[PDB]
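We count ligands from 1, going down the list as the structure has it; atoms in each ligand are counted the same way. All values below were derived from every heavy atom in this structure, side-chain atoms included, with hydrogens, water molecules and symmetry-related copies excluded. Residue numbers start from 1 in every chain, and the chains themselves are labelled A, B, ... in the order their sequence lines are given, proteins ahead of strands.
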Amino acid sequence: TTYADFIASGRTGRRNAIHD
Amino acid sequence: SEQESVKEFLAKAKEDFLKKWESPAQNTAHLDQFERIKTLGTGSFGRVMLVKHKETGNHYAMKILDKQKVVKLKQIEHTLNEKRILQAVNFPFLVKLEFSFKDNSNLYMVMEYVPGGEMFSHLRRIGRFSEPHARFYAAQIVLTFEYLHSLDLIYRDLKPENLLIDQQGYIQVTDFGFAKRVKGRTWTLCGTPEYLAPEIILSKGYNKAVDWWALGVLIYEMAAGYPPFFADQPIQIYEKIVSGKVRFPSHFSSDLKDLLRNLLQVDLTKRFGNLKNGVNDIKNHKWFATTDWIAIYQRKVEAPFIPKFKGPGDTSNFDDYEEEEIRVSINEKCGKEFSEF
Ligand SMILES: O=C(c1ccc(C(F)(F)F)cc1)[C@H]1CNC[C@@H]1c1ccc2c(=O)[nH]cnc2c1
């Protein structure tokens with residue numbers, strides 16, 4: 001399931017801002 | 001004529017904003033006036049701590065930015081934008097900046113403390129919000145972006161990690177580190193990968209339409225429990241974002257999907273929030289038919305949930321972070337770069 005794929009990914013914790 | 005009441009409101013709000021924008025508050029407290037209690041979150045060049053103001057006993061959330069780290073990351077002008085805009089704005093769903101000041105080492109922004117914790121925390125734990133629940137929060141973002149955009153501001157970092165829930169269950173928008181006052185277009189690459197609009201990724205000029213794309217991502221993530229474009233690494237995320245394909249959980253109502261198709265619209269000439277009718281194409285969309293905009297603004301609508309409040313100064317709605325002692329160098333760092341702060 002997409003939910004299961006999300007939960008197993010490395011981006012369910014807090015996501016950092018990016019920039020140049 | 002609801003439209004004319006809105007214009008009047010926004011006109012006076014701009015008046016108030018400009019006075020403060022042209023004459024920013026500066027140096028309005030000192031570190032020793034606050035007892036530092038506990039870190040509530042972190043970022044690449046600083047942290048936000050719960051503090052208690054000694055003279056009043058009020059708690060606040062103090063963001064402490066290391067000047068040297070800001071410089072090394074090339075965020076000097078962004079940090080100046082942050083403080084100058086936050087001290088000038090006033091809206092029920094915007095966290096207030098109460099004091100700001102700096103010392104040899106750090107910049108300090110002392111803001112309201114929102115004890116309900118981040119939406120991020122609540123959303124990940126519960127999995128996803130029902131549509132009425134997501135719509136309640138979404139409406140507050142719509143009104144907040146209508147406010148900010150009318151002041152020529154682009155917010156540029158909408159996400160659940162930067163929305164707090166207050167004691168009444170309402171949203172407080174935090175993190176103005178990428179906010180910018182700009183008429184016309186701008187080019188910086190900034191935001192958070194899941195939430196970047198295609199035009200930011202493809203290095204085009206862009207404008208406030210990127211915040212409306214980000215609202216599309218936020219509503220999807222609130223209602224699905226995961227974002228519309230995710231992968232293990234940012235480049236994979238960008239490829240999805242620019243592909244022009246999006247798919248919706250089978251439980252999304254057809255009104256929700258129609259609204260999200262129009263927000264997650266790669267074509268700017270077609271993106272809701274960006275057409276002749278402006279924010280009105282969003283306020284009047286079927287998915288928002290149950291929404292009473294004025295009642296929301298007045299905080300008269302009953303919230304979906306009220307965070308547990310154990311008392312003043314309690315932090316149980318926030319994760320624990322490693323603490324580090326604040327050190328103030330005996331030499332001024334980066335004085336010229338941050339002179340107007
Ligand atoms: O802790 C945060 C934080 C910490 C450091 C930075 C920095 F990168 F240094 F600029 C930027 C943000 C933010 C990130 N999202 C929420 C977190 C936060 C957590 C609590 C409050 C609060 O209670 N009041 C105002 N802002 C708050 C902000």
Side-chain angles (χ1 to χ4, degrees), chain A residues 13-19, chain B residues 34 36-53 58-87 89 91-100 102 105-124 141 144 155-168 170-179 190-192 194-195 214 218 307 312-324 326 334 338 341:
Chain A
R14 291 186 169 78
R15 295 159 288 200
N16 299 340
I18 56 82
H19 52 83
Chain B
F34 303 89
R36 304 188 291 282
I37 299 165
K38 195 173 183 316
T39 295
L40 301 169
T42 56
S44 48
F45 47 72
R47 60 172 68 233
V48 165
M49 302 191 71
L50 177 60
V51 302
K52 179 161 60 124
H53 189 235
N58 292 320
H59 287 92
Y60 292 113
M62 175 171 86
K63 185 165 177 173
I64 303 166
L65 316 188
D66 182 321
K67 280 187 282 174
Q68 289 179 145
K69 293 185 178 178
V70 174
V71 167
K72 266 165 175 171
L73 290 161
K74 301 173 298 177
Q75 301 302 299
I76 299 167
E77 188 80 20
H78 283 163
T79 294
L80 297 178
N81 287 340
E82 181 176 11
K83 177 258 163 167
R84 192 183 176 176
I85 293 163
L86 215 43
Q87 60 91 37
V89 291
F91 200 63
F93 312 125
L94 289 184
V95 179
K96 289 183 179 322
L97 176 76
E98 293 289 316
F99 309 95
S100 73
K102 64 202 175 188
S105 295
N106 301 314
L107 312 170
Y108 301 92
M109 283 169 288
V110 170
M111 295 170 286
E112 292 178 308
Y113 170 49
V114 193
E118 298 173 359
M119 180 190 289
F120 175 85
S121 294
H122 293 286
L123 179 60
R124 287 288 182 277
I141 304 300
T144 306
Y155 170 67
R156 301 199 296 189
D157 200 13
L158 180 68
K159 56 181 171 188
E161 293 87 316
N162 294 349
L163 301 172
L164 304 166
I165 313 302
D166 65 19
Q167 283 155 78
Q168 344 305 326
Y170 283 74
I171 281 303
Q172 298 272 105
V173 181
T174 72
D175 276 85
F176 269 56
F178 296 143
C190 61
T192 297
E194 283 90 333
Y195 281 76
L218 176 76
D314 187 81
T315 62
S316 43
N317 291 311
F318 285 90
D319 279 309
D320 302 325
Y321 290 85
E322 188 167 45
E323 310 286 354
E324 175 164 69
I326 317 301
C334 308
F338 300 98
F341 188 100

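Side-chain contact, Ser100(B) with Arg84(B): no donor N or O sits under 3.5 Å from an acceptor N or O. In this structure, a donor-acceptor pair under 3.5 Å is absent between the side chains of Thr192(B) and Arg15(A).
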List of N/O pairs, ligand 1 versus protein, all under 3.5 Å?
unit_1, atom_1, unit_2, atom_2, d
ligand 1, 15 (N), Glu161(B), O, 2.8
ligand 1, 15 (N), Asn162(B), OD1, 3.1
ligand 1, 15 (N), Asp175(B), OD1, 3.1
ligand 1, 23 (O), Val114(B), N, 3.2
ligand 1, 24 (N), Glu112(B), O, 2.7

Applying side-chain contact (heavy atoms from CB on, under 4.5 Å) to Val71(B) and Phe338(B), what does each step give before you reach the verdict?
CA-CA 10 Å; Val71(B) 167; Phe338(B) 300 98; 3.7 Å; yes

Tell me, with the steps shown, if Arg47(B) and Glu324(B) meet side-chain contact (heavy atoms from CB on, under 4.5 Å).
CA-CA 10 Å; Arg47(B) 60 172 68 233; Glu324(B) 175 164 69; 3.5 Å; yes

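Qualifying ring pair (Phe, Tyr, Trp, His ring centres under 6.0 Å) partners for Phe45(B), counting only residues two or more places apart in sequence or in other chains: none.
A distance below 6.0 Å separates the ring centres of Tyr155(B) and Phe176(B).
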